[PDB]
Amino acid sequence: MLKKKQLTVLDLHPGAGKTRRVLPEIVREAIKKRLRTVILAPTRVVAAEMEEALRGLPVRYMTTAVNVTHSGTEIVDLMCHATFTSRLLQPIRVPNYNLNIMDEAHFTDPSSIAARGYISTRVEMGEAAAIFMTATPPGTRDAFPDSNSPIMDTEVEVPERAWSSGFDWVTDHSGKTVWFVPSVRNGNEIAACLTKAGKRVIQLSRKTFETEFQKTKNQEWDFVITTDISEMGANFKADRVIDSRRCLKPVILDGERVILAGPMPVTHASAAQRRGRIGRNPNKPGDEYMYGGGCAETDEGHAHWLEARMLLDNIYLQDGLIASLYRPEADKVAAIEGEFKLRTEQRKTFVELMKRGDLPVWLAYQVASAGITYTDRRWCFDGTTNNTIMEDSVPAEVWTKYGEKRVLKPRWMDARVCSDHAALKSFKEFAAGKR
């Protein structure tokens, strides 16, 4: 696998030991061959688990999720998918790694798709080797792959709102359940319903992931309500998965706004990853998987693939050349390589709106391409009346950095800035000039 000009897909089933058994062997071989190597983790939680599996080996952890004193003689670097793409975008010189290892290579966030495109392009050029580790490679149509022990798969109607009757099987269970919901807001209603009935519930989402995941290991719980983020290597000591089989899909309409469409069916890769949380212990057969709908290829036309093209168009590779998306996921977006290429000053604004501003990629691109500087927030208030952001069914208001109270009405509307209370609170601080 470690020979140049080769990309290998390590597609072992969930729980087969890709992270704890295969990864340390590959690292030992890479160090013996003096291959300058990068290990890419999807989240800070997986980075911590990788440190346990690689304990003792000389690895330089480029993450604050690991508290290790680096000796300075490491030729292997470990960092998150987003950090790799972020350093590629920034003026910082990233080493031209001989070997690129991506764990949970199925991750569909824009920076993971961009990282796969960059790496696969370097392999196609004959400059590097790569290993993509996932049970569900791009293009998988199998939602029920192999497991360490047999799983009872049951198609059932799954609640997406609070209920007063009709779902006795949900609460008549003495084990621990992991329940995947389409959104944070949907999760809140189900958690409140379960809490009212006496269940101990923990909720997980992209922003709260590191802090709340720790509660799954330090206390007893009956339910974990989570969004699709728990598909990326999160492990639980549970005996049942409840899966709505639904997700939200960011969609760009007429090239001028982003809406959160659905809930709609998840892909086969997502369903297999959600099911994959259980059936992991060969000594405990009969873990249950209750699913509430079918699968469909809802990644076609999903805004994340367009956003990955915006990132890749602004990453230097060689002179004018631009990295393509990883071939099995390249038809998910209709886009011309280089169409989002920005000039030096606008590119720097694009990077800062993402790194410091925390804006979605599509929204950061609209602002930077319009020639607006990072600190200029006039655009947050001069959009049309239909772009008015609502809070508690009434227009959201902020005090501008000038001291004036104005209705939040962005020139470009991206639904992700107000998808929940936490997102809208952060966007109000941005519009106010607080970061």
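Residue numbers run from 1 along the displayed sequence.
Q: With respect to the recorded C-alpha B factors, which stretch has the higher mean value, 39-47 or 61-69?
A: 61-69 has the higher mean C-alpha B-factor.
Q: Going by the mean C-alpha B-factor recorded in the entry, which is higher: 231-239 or 274-282?
A: According to the entry, 231-239 carries the higher average C-alpha B-factor.
Q: If you compare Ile315, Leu78, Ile336, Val178, which has the highest Cα B-factor in the entry?
A: Reading the PDB entry, the winner on C-alpha B-factor is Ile336.
Q: Which of these, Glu104, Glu189, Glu155, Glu345, has its C-alpha atom at the highest B-factor, as the entry lists it?
A: Checking the PDB record, the top C-alpha B-factor among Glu104, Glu189, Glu155, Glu345 is at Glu345.
Q: Using the B-factors in the PDB entry, rank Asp358's C-alpha atom against the chain and give the third, lowest, middle or highest.
A: For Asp358, the deposited C-alpha B-factor lands in the lowest third.
Q: State the tercile, meaning the lowest, middle or highest third, of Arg141 with respect to the CA B-factors recorded for its chain.
A: Highest third.
Q: Which third, lowest, middle or highest, does the C-alpha temperature factor of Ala415 belong to within its own chain?
A: Lowest third, going by the recorded CA B-factors of the chain.
Q: Would you check the entry's CA temperature factor for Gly301 and let me know if it's in the chain's lowest, middle or highest third?
A: It belongs to the middle third of the chain when residues are ordered by C-alpha B-factor.
Q: In terms of the CA temperature factor given in the entry, to which third of its chain does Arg87 belong: lowest, middle or highest?
A: According to the entry, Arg87 has a C-alpha B-factor in the chain's lowest third.
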